[PDB]
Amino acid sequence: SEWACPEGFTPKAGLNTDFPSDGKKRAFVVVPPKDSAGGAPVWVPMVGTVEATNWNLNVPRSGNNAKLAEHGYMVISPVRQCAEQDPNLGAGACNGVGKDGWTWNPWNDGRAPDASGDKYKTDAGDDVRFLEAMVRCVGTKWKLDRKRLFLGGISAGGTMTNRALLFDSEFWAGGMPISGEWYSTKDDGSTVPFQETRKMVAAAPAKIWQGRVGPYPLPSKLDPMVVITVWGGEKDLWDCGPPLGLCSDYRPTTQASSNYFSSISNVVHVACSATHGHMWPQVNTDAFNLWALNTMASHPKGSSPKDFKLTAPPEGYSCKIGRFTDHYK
């Protein structure tokens, strides 16, 4: 069976705590659709560094992702390890550098550039496993569509989405990484500082760049999926003030991710450009979210790329099949 729960755990509507996974106690919020017509498509939205899981689900400014349950989607939003099972915790310990082999603390989304992260060149990490186990467990109490499991997120959550799609494409039918990092590296897997990294990518904008967000080396093949990468435009940057300052620019990262997924023949990639900067899509939010999910739901796992049809997104967005062509000149 595709569906199972860990010993002693049973899923319920709303907040779930103490889900056992890789020896940790994990939490997640379940918002079921009113009817699971024999099998509901799934949306797993993830916050980034400073927004609380409940904001992403219930506050417009942060996405209002629970609204998708009104349109037939089962929505499951996972709580970050650092928030220690609190869905109302925004930043806290989450706003910090990573440890134990990880780059950034919110999500186990990319191996650290030093030796500490070498095990993660091949090990997907605890978060990739949690996300799958979580969905597999909810699936024992509500009927879910195994071929329509989609995940997504903003910032660190988009980074985590990229990692899960790279390491566990057998599970997810695809997803929507919004302004996620790629942690681009040189071909041999080594990392150079932010500035050089930005420049090397701008110097070769169509190249397939390796990255610590994924396995090293990146897979030459993946299971069938549909991926919608979202870039928020010129101001889509992450700057946390001195001394670190500007440390992520999502132009090269969404270019690099779009290049890779567009190069995998059995994966449909959609490159969406918006103008809201770095936060959940702000223009026509509800409409965009529903457009994006229905677009992914139109391409269930195992669909042929040649049959995918892209419809126009709401005003505020410009999407094309394939890699981004609007990031570099």
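Residue positions are given as counts along the sequence shown, with the first one as 1.
- Look at the mean CA B-factor for 282 to 290 and for 31 to 39 in the entry; the higher one is 31 to 39.
- If you average the C-alpha B-factors over 151 to 159 and over 241 to 249, the higher value belongs to 241 to 249.
- Remark: of 58, 295, 49, 266, 266 shows the highest value [criterion: C-alpha B-factor in the PDB entry].
- Ranked within its chain, residue 174 lands in the lowest third, by CA B factor from the PDB record.
- Ranked within its chain, residue 146 lands in the middle third, by CA B factor from the PDB record.
- When all modelled residues of the chain are sorted by CA temperature factor, residue 108 is found within the lowest third.
- Looking at the C-alpha B-factors along this chain, the one for residue 300 belongs to the middle third.
- Split the chain's modelled residues into thirds by C-alpha temperature factor. Residue 197 is in the highest one.
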